[PDB]
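Read the structure below first, then the notes.
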Amino acid sequence: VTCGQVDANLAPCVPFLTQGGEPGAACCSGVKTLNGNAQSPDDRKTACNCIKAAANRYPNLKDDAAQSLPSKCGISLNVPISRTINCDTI
Ligand SMILES: CCCCCCCCCCCCCC(=O)O
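The structure is reproduced here in structure tokens:
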């Protein structure tokens with residue numbers, strides 16, 4: 002896991018994460034790839050920190066979009082999309 006790969010995976014989620022609505026196929030696919038790549042505790046902690054960085058790019062981030070993404074994509078998300086998560090607890 003690198004932050005560049007996290008950014009690539011989550012890029013198609015940016016409109017949903019910033020405007021609400023539904024994630025869409027490309028976003029759900031991106032998140033499933035990420036979730037697939039966060040296979041170890043280290044990978045998960047690393048991904049968590051990169052996702053937190055990404056989430057903190059957008060002053061207009063919709064936290065409830067972020068919170069609804071796993072249910073809308075049908076996945077158990079190992080690394081939640083959050084601006085404030087402490088990644089040590091992942
Ligand atoms: C369970 C994941 C396998 C699906 C692989 C690509 C799916 C992309 C569209 C995602 C929509 C959610 C599907 C689902 O997990 O039920």
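For the entry's author numbering, count along the sequence shown from 1 and bump the result up by 1. Each residue gets a CB set at the ideal place from its N, CA and C atoms; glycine is no exception.
How many whole angstroms separate the CB atoms of residue i and residue j, which I take to be in contact at a CB cut-off of 8 Å?
i, j, result
"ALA27", "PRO13", "4 Å"
"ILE82", "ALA48", "With 8 Å as the limit, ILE82 and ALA48 do not qualify as a contact, their Cβ atoms being about 11 Å apart."
"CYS88", "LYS53", "6 Å"
"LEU62", "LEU70", "Actually they do not touch by this definition, with Cβ atoms about 12 Å apart."
What span of residues does the alpha helix (DSSP H) with residue i cover, start to end?
i, result
"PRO13", "Taken as a continuous stretch (DSSP letters only), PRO13 belongs to no alpha helix (DSSP H), as it is neither H nor E."
"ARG45", "42-56"
"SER30", "26-38"
"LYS73", "64-74"
Exposed or buried, what is residue i when buried is set at 16 or more other beta-carbons lying within 10 Å of its beta-carbon?
i, result
"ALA9", "exposed"
"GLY21", "exposed"
"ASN36", "buried"
"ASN38", "buried"
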